[PDB]
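Q:
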Amino acid sequence: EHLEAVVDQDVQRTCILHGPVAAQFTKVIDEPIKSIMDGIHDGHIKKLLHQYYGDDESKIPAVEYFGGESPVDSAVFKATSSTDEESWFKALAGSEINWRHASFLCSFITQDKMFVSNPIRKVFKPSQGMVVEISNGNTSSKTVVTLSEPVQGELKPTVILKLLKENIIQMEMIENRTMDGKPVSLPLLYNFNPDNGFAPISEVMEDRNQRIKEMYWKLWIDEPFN
Amino acid sequence: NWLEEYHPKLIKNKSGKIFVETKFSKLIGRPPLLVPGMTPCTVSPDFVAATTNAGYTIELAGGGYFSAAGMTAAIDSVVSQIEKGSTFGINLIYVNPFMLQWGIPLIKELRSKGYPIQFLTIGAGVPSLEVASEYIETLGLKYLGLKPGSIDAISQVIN
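Shown next, in the form of structure tokens:
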């Protein structure tokens, strides 16, 4: 890859690797990587359609987002001492493939090209006293979740998971031990990218610290926000 | 029956895209194809980047870097070249500890930070249970790769 750095630019001086069996297919020059990978893929697609799917696409299944599966309706759930975690996250992710299917199962979120543990599988981590409820568990656009836990003995909504316009997630994370006593909520927004099954969920880092600060204001300050 | 439990299936995505479903393509929302770590070729960050941007997993050529920073610069470059949520992995070596002692204690940190790396690949060798262990708990790694041409290497990975 550096002929310029040789005696007379002749390559026959050079050491280059290759496969004797593979050269039987390497004949076209400098074609795009995507072009050839796609050629391969679509060839496989034809070879599978013609056999297992009658060469009619619609015969195909479909999915919100493809990925995340390791090789290994309006209800509630109550976690406890040994409430199993993966069972919890299945119950709460459900069965359909949607943003919710990932939220509890997608282990990683992207922060502008940085992959980090899911905060949700952290918070919702099963424990004692925690009780959560689901509504519209069938339809996703309105499928929502509400977790409450012991606040001074009593239970109160600590978390609200829901969808938005634009295929967005928001966790309204609530804190009720408050100056005025009344609770406050924190909108944590997440973009959904089903086209990226491995990580369709990407946190939005814009205005973020501002939201956090507006929370902490009322948590701490008897004044407006500026 | 290996022909059904591992039957090669098909998938359609919301975007209307086709996918080939296997036990592997389904961890990655990406076809069951990739590129192995190749020192002269999978070392060029721009190339690996333009490839993964096509949506095909890749190994990075650790062997093309004689340091703990050059490869780091290549990382920070591809990062600057890929799209959000994209991803790739590296290829190390097991016969050149010096080619190795850089990455492992560096891989660990890049993950502790949360770089877009999601898989390792040891080439031209195979480790032991003892060593091979930490790679899967300490490393913020999705999966792992191995390059056996032997038969006992295979028994080893099975261990």
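So the sequence lines, in the order shown, correspond to chains A and G. According to the authors' numbering, the stretch in the first sequence is residues 1038 to 1109, 1123 to 1276, in order. Its first residue numbered 560, the second sequence is counted upward by one per residue in the authors' numbering. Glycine is no exception: its CB is placed at the ideal position from the N, C-alpha and C atoms.
In its own chain, which residues sit with a C-beta less than 7 Å from the C-beta of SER1191(A), not counting the 5 before and 5 after it?
A: Answer for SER1191(A): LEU1213, listed in chain order.
Q: Round the Cβ separation of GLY596(G) and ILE649(G) to the nearest angstrom and send it over; I've been treating them as touching at under 8 Å.
A: So it is a contact: roughly 7 Å between Cβ atoms.
Q: Quick one: list the residues of chain A neighbouring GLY596(G), beta-carbon separation under 7 Å, in chain order.
A: Those do not exist, as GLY596(G) stays about 12 Å from chain A at its closest Cβ, beyond 7 Å.
Q: Which partner residues does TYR1240(A) have in the DSSP bridge list?
A: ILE1219(A) and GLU1253(A).
Q: As a quick exercise: from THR1130(A), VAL1044(A), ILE1097(A) and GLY1105(A), pick the residue whose alpha carbon is nearest that of residue 550(G).
A: In the structure displayed, chain G extends from 560 to 718; residue 550(G) sits before or after that span and is not available.
Q: Would a check of beta-carbon distances place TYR565(G) closer than 8 Å to chain A?
A: Chain A contact via Cβ: absent.
Q: Does the beta-carbon of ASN1148(A) have 16 or more other beta-carbons within 10 angstroms, so that it is buried, or is it exposed?
A: Answer is buried; the Cβ neighbour count reaches 16.
Q: So, is the C-beta of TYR1266(A) closer than 8 Å to a C-beta in chain G?
A: Taking Cβ atoms only, chain G never reaches closer than 8 Å to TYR1266(A), which makes this a no.
Q: Would you identify the three-state DSSP class for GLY621(G), choosing helix, strand or coil?
A: The answer is helix: DSSP assigns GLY621(G) an H, G or I state.
Q: Got a sec, what are the start and stop residues for the beta strand (DSSP E) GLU1183(A) sits in?
A: First-last of the beta strand (DSSP E) with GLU1183(A): 1181-1185.
Q: In or out: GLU1101(A) buried (at least 16 other Cβ within 10 Å) or exposed?
A: Under this definition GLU1101(A) is a buried residue.
Q: For the stretch 620-672 of chain G, which segments carrying the alpha helix (DSSP H) assignment without a break, of at least 4 residues, lie completely within its bounds, in sequence order?
A: Qualifying alpha helix (DSSP H) stretches, in chain order: 629-638, 656-660 and 663-672.
Q: Please list, in chain order, the chain G residues whose beta carbon lies closer than 8 Å to that of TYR1090(A).
A: Ordered by position in chain G, the residues that pass the 8 Å Cβ test against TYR1090(A) are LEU569.
Q: Run down chain A in chain order and give the residues with a C-beta less than 8 Å from the C-beta of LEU592(G).
A: Correct list: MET1074, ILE1077 and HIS1078.
Q: Given a cut-off of 8 Å, decide if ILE1224(A) and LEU1239(A) are closer than it, judged by their beta-carbon atoms.
A: No; because the gap between Cβ atoms is not below 8 Å, this pair is not in contact.
Q: Any idea what DSSP makes of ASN560(G), helix, strand or coil?
A: Coil at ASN560(G), not helix or strand.
Q: Can you check whether the C-beta of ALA1099(A) is within less than 8 Å of a C-beta belonging to chain G?
A: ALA1099(A) counts as touching chain G.
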